[PDB]
Amino acid sequence: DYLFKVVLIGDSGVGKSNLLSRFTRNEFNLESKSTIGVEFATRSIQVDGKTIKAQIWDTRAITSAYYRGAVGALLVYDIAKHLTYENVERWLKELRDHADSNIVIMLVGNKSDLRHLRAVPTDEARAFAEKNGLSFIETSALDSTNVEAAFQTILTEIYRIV
Amino acid sequence: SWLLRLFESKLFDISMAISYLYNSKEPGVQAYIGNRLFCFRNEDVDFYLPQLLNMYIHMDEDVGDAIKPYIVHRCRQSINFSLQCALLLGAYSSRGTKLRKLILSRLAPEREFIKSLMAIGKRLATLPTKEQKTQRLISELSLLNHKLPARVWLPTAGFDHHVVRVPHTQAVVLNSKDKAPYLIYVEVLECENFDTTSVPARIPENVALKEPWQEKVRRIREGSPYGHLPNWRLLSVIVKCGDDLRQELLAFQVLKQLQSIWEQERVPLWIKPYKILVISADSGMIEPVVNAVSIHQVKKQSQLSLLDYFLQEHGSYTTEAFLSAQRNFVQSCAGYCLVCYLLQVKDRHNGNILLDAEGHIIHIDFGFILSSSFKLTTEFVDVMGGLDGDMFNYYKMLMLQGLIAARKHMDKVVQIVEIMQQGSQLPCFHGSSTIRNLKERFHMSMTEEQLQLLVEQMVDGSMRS
Ligand SMILES: COc1ccc(-c2c(C)nc3c(NCCNC(C)=O)cc(Cl)nn23)cc1S(=O)(=O)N1CCOCC1
Ligand SMILES: Nc1nc2c(ncn2[C@@H]2O[C@H](COP(=O)(O)OP(=O)(O)OP(O)(O)=S)[C@@H](O)[C@H]2O)c(=O)[nH]1
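Order-wise, the sequence lines are chains B and A.
If you count by PDB author numbering, then the first sequence holds residues 9 to 67, 74 to 176, one letter each, in order.
If you count by PDB author numbering, then the second sequence holds residues 128 to 221, 232 to 242, 306 to 406, 531 to 697, 708 to 799, one letter each, in order.
This is the structure in structure tokens:
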């Protein structure tokens, strides 16, 4: 029925491709063959009684195809690697240079399963989260936790731009 | 999912974790295992501490960072753990300094205790005879006691504790060499937890001879201020001020693994790993075997042949005490033969083999092993009842059995050695194919009939002299 385009951006290693594989093929793997250039993937869900279809973009040098036609963008960091959270500031200057000024953003801490290796506290993140204009959640791509929730959340939030 | 599948299976143990950590170049796996370390029992992971810490120093930052968090956690809940980390970190680098300094950042009481012990040993260097050294040692140890009970402990001790007293008169120096090692006895009060417990209070002060261990406890106990307490136990350590113990530690792990392997399978070989404590690349401590003395000195005091001494101390060949002692001999011989072959242990003589009161032999000087450059003497064969003997045939049977057992667990052994070679300037890793040669020595390709022959060949070689 409807068509919602969403992009995934973030540092290398944070888990974008497995987020995509969990969410779109319900599959995960520890061994990893690198994504060469670009992917999208698609799956349809329903929000508020309406059949929607979501388009996710998986990211070398950033051509501006990314950030084109995105109603929403999931900006993801690895909770267990502090630097990835640190660069969320640089990922938003990018996103303001190359993307729609009225776009939906979710901050995502991935790899929440690595409890004992955690380098970024949920509070520090959520503080920054509501201090700014981003929605916030923590996911784990390895185990099927909150991956579905994450998408369905951002997708519900989106259709509300009637 | 097939990899993640394995890691979540029952098959996953601390061994496998280290193997993947060591080999895998995938940072997602490295980080994943770093986290999974926490789920394991403290005891199982502890055994591999030298490997882990070695990796941290000499491996990619990615690998270190996955290990560090677990280390810091352990360091924070146990200063003993902290101590052993700090000591190992320093010894294995001559990147390291930062984590070491952070851990030491507290341990001063212990570190001063250890410093003094080392300091003592170095002074005896000016005294050229064994007997002269001992008297200087005894006096200066008495000065330690002046240092109060100090909330310091022997990491070489099985448990957490506080040191209360040093029975200096019982301490003895073991040789006349330039940097001679020396044996001391230490009194301690056992803890339930070191980290939470008050250092005990001083209790005011109001002969050494060849004797069994428990008689020595008796003698020491009756004289000691603290002896009445039930909390009280006696420990012992050998102090080596100028000898590297990093190879010694490696052998220990190998001995410990091989011991478990033969234990896991049901092969009644016998061997005895003795605890090692690395303090520097220079210096270390050893937990000694009690109730044991060198074959060589056993032969100088007895004036007997090895067999004859056995007969004297236990009884004639028709007695149980003898047959038990003979049996303990035979099982310990097969064990150490196998250890000597696999690790290619050299410089084997009766100065390096101890005999305990129950009949086991014990090898001790694990210099000259592997790449760095065992004897069945008739004195040994006689105790076994001779070449045609049933007990001797049994000796050969165990070696094959113990070999078959070893093969079933080869990877656990090679792992210990193969990791340790990392960035190593130790003489035991001198070859191009140290680990490669080691694997060949397990003869994994051979059939059992082939191994029987190889065992036979081994024994024939051990006899030529
Ligand atoms: C690093 O090399 C050693 C390895 C093992 C040992 C040891 C161990 C684990 N247990 C004992 C031991 N047991 C008796 C304890 N007290 C009694 C009688 O009950 C007696 C001796 Cl002399 N040694 N030793 C010592 C040394 S060494 O002190 O550096 N030195 C090496 C050269 O050869 C002489 C010994
Ligand atoms: N413990 C844990 N490990 C994860 C998690 N997500 C990914 N890993 C691992 O992180 C590694 C990163 O690979 P990848 O899936 O390509 O992430 P990505 O770099 O963000 O994806 P890309 O946009 O660059 S193609 C994977 O090997 C994967 O096994 C997680 O949620 N928890």
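In this text, a Cβ means the ideal position worked out from N, Cα and C, and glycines have one as well.
When burial is assigned at 16 or more other CB atoms within 10 Å of the CB, is B/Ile76 buried or exposed?
exposed
Please confirm whether A/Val156 has its beta-carbon closer than 8 Å to some beta-carbon of chain B.
yes
Please compile the residues from chain A whose C-beta is within a distance smaller than 7 Å of the C-beta of B/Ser40.
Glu153 and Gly155
Using DSSP with H/G/I as helix, E/B as strand and the rest coil, what is A/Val591?
coil
Quick check: is any heavy atom of ligand 2 less than 7 Å from the C-beta of B/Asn26?
yes
Give the range of the alpha helix (DSSP H) segment to which A/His200 is assigned.
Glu188 to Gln204
Determine the direct distance from the alpha carbon of A/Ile184 to that of A/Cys565, and round the result to whole angstroms.
25 Å
Give me the chain B residues within the contact set of A/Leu130, using Cβ-Cβ distance strictly less than 8 Å, ordered along the chain.
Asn37, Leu38 and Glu39
Contact set for A/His368: own chain, Cβ-Cβ below 6 Å, skip 5 residues either direction
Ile338, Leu341 and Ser342
Would you call the CB atoms of A/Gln370 and A/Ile403 closer than 8 Å?
no
According to DSSP, simplified to helix, strand and coil, what is B/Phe150?
strand
Backbone CA spacing between residue 699 of chain A and A/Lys152 [nearest angstrom]:
The gap in chain A between 697 and 708 takes in residue 699 of chain A, so it carries no coordinates here.
Can you list, in chain order, the residues of its chain whose CB lies under 6 Å from that of A/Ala575, leaving out five sequence neighbours each side?
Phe690
From A/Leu569, A/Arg237, A/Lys137 and A/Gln583, pick the residue whose C-alpha is nearest to that of A/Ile600; which is it?
A/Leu569
Selected residue, minimal CA-CA separation from B/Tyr80, among B/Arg30, B/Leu169, B/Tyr91 and B/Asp114:
B/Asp114
List, in chain order, every chain A residue whose beta-carbon is nearer than 7 Å to that of B/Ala94.
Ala158
Using a Cβ-based criterion (distance less than 7 Å to any ligand heavy atom), does A/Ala325 qualify as near ligand 1?
no
Please report how far the alpha carbon of A/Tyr147 lies from the alpha carbon of B/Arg33, in whole angstroms.
27 Å
When A/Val372, A/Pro349 and A/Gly608 are compared against A/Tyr550, the one with the closest alpha-carbon:
A/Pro349
So A/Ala616 is in the alpha helix (DSSP H); what residue range does that whole segment cover?
Counting along the chain, A/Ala616 falls outside any alpha helix (DSSP H), though it belongs to the beta strand (DSSP E) covering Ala616 to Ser618.
According to DSSP, is B/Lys61 helix, strand or coil?
strand
The beta strand (DSSP E) with A/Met609 in it runs from where to where?
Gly608 to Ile610
What residue from B/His130, B/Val122 and B/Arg82 has the CA that sits closest to B/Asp111's CA?
B/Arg82
Check the DSSP bridge columns for B/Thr50 and list the partner residues they point to.
B/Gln63
Per-residue contacts from B/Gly21 into chain A (C-beta, under 8 Å)
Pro154 and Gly155
Grouping DSSP H, G and I as helix and E and B as strand, with all else coil, what is A/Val717?
helix
Measuring from the CB of residue 841 of chain A, is there a heavy atom of ligand 1 at a distance below 7 Å?
Any question about residue 841 of chain A goes unanswered here, given that chain A covers just 128 to 799.
A/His687, DSSP secondary structure in three states
strand
Helix, strand or coil at A/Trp353 according to DSSP, with G and I counted as helix:
coil
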